[PDB]
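Note sheet for the following structure.
No lab work stands behind these numbers, since they all come straight from the coordinates. Every residue, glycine among them, receives a Cβ derived from its backbone with ideal geometry; neighbour counts consider all protein chains shown.
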Amino acid sequence: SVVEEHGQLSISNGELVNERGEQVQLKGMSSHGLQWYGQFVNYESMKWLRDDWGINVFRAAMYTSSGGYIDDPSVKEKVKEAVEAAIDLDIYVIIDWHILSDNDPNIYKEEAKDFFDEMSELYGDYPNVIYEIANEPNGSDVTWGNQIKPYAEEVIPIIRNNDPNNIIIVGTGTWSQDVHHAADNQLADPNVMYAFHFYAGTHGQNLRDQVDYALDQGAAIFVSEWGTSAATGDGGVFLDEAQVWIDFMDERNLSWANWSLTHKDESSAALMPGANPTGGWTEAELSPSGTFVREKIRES
Ligand SMILES: OC[C@@H]1[C@@H](O[C@@H]2O[C@H](CO)[C@@H](O)[C@H](O)[C@H]2O)[C@H](O)[C@@H](O)c2nccn21
């Protein structure tokens, strides 16, 4: 229903819109690393998220380092499973080249180009696909103008040779928080968005103001990862500040994906250790974070 109705997504005047030009807001879940918690990524769990939580997008977080794709490239087949499930379930899907410790996206740029060539050749004639080419550039030696923008200007042409206009999300500096610099020096492609990520354990008022600054430059922003926890993925849940962010994103109509769908013993994890990897969870099988996120997507 979702993808048949909204169809081809694009950016118009800095906003995500459907094929009629109407604003659309995606809300869903991210996997944890596919090399660690891939058992939670399958048609049945994704169908349960669609039908019981109301998700309309799923993010496949393919770590590059940390035992991910560079170390063992077999994980790309789990990305394919997730994309195919999203096609069968008629929801959108984010293919996330999940850099982190490999903090400069240029470290694995050759591999990224080959990976995104393959994915865009396979799936570029479906409207479901959204490409997230570098999760979180980070480090004071990795800047938008010197490192990230030029990386994007090599990977985007590879994708565009196979897929002229599905959405591309491009990470920003300082762990995808520095939307100000990106918004002042935007990419040319008209169907790009810039990633902004937050974790509710950080007091967020200035970060919200910086998102507004970026929006005011005509940059489109996708909140492709956020958590209810501290920035470590743990440290308790911060539901008061998470709700502030939820309301802010609704007012600005910003799409989002929550970190993350796993039973790992950390506060941002949505599931408790007895949750079935194929779905059907009871309330007791959701964590405090998962209960809250589920409520947010169902309310929507
Ligand atoms: O630390 C929380 C998350 C992080 O996941 C965290 O990665 C760590 C390192 O791999 C894992 O040990 C944690 O279990 C996971 O929650 C995301 O990979 C990253 O994009 C991000 N940036 C800011 C926070 N986070």
Checklist entry - Based only on Cα atoms, what Rg/Rh ratio does the chain have, Rh being taken as Kirkwood's radius? => result 0.92
Checklist entry - Given segment 173-300, what percent of its DSSP beta bridges are antiparallel, to the nearest 5? => result 20 percent
Checklist entry - Within segment 231-271, which chymotrypsin sites (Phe, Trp or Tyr not before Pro) sit in a loop by DSSP and count at most 11 neighbouring Cβ atoms inside 10 Å? => result none
Next on the checklist: Please check: in the Gaussian network model of the chain (C-alpha springs, under 10 Å), which one of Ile95, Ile167, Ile158 has the largest mean-square fluctuation.
Outcome noted: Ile158
Next on the checklist: Given N residues in segment 176-300, what is its alpha carbon radius of gyration divided by 2.2 N^0.38 Å?
Outcome noted: 1.13
Checklist entry - In the structure shown, do any of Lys78/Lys109; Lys47/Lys80; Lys27/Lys76; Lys47/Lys78; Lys27/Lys149; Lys264/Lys296 have a Cα-Cα gap over 18 Å, and if so which? => result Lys78/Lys109; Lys27/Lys76; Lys27/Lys149; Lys264/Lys296
Checklist outcome for this item: Here the percent of antiparallel bridges among DSSP beta bridges lying wholly in the chain, to the nearest 5, is 15 percent
Item to check | Highest to lowest packing among 36-49, 129-142, scored as the average C-beta count within 10 Å | outcome: 129-142, 36-49
Checklist outcome for this item: For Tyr194, the residues 5 or more places away or on another chain with a placed amide H closer than 5 Å to its own amide H are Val170, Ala220, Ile221, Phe222
Checklist entry - Put a dot 7 Å past each Cα toward the Cβ at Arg160 and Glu110; how far apart are the dots in nm? => result 2.5 nm
Item to check | Burial ordering of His6, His197, fewest other beta-carbon atoms within 10 Å first | outcome: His6, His197
